[PDB]
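So here's one chain in two forms, each on its own in structure tokens, numbered structure 1 and structure 2.
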Structure 1
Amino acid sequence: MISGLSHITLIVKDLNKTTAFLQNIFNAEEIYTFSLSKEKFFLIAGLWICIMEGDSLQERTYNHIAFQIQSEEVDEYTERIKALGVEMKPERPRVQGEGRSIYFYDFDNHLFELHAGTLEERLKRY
């Protein structure tokens, strides 16, 4: 029986730029040979994430990891993501009680989401 999530691993080109992304946006906590595949582990809210050198290097897709946030800090988060100059999907016009998410990319084509409110998939607003 599956006992829990063990980790997620992502391949990026540049571990320092991805480190900056994970620390600035998610307050990722970094835990820790001449390798060509250098790597790093972080914890973000109970999740172990490995970043390892490789190729950014795919296509963009709608696959994504969503992290939960409070509704009250959606605007703050949006401003930090905007500070990294990464690609964001502009938030659309919204009605009251419509739960908010932010969709945006890292430097290697991965799509992330910060999700507040009721669990659901919101990509179809874009």
Structure 2
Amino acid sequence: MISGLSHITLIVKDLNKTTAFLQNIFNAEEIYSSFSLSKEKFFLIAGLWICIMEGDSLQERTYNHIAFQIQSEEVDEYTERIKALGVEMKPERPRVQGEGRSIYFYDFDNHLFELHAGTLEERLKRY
């Protein structure tokens, strides 16, 4: 069986610019930096290992994405933080009852990120 999540790998055209992005918004803690076969850095974000690699590859924008957990009270604060950095944010997404609030925004390489204030239990409860 699967032990769990190992890490998430994102390819970006500008590693230093993305690094700043992650450190500002996610309080990402760099724990590794690339003789290396590629320019990459590993960050620890809320217990999750995120690997960023510099490269030309660019995935078209889609709803395939990662969602991090935040508390309801923090929605406005993160909204202000994203707004401050001029990063593109999505408008309010339609929701069903039991589905908590979320914020959606992009990095500089078509990666959509979600900050979700809801829970799985609430979602399944009504269900």
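Shifts are known only where both forms have a C-alpha. Basically, rigid core = biggest C-alpha set you can superpose within 1.5 Å across the two forms. Here, residue number means position along structure 1's sequence, counting from 1.
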(Q) Aligning on the core only, does the CA of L119 end up 2 angstroms or more away between structure 1 and structure 2? (A) yes
Q: Would you tell me if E72 moves between structure 1 and structure 2 by 2 Å or more at its C-alpha, with the rigid core held superposed?
A: no
Q. Is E39 among the residues whose Cα moves by 2 Å or more between structure 1 and structure 2 after superposition of the rigid core?
A. no
**Q.** Core-aligned Cα shift of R94 between structure 1 and structure 2, given in Å
**A.** 8.9
Q. So, with the core fitted, how far does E59 move at its Cα between structure 1 and structure 2, in angstrom?
A. 1.3
Q: Pull up the moving segments between structure 1 and structure 2: at least three consecutive residues, every CA shifted by 2 Å or more, rigid core held fixed.
A: 34 to 37, 90 to 99, 118 to 126
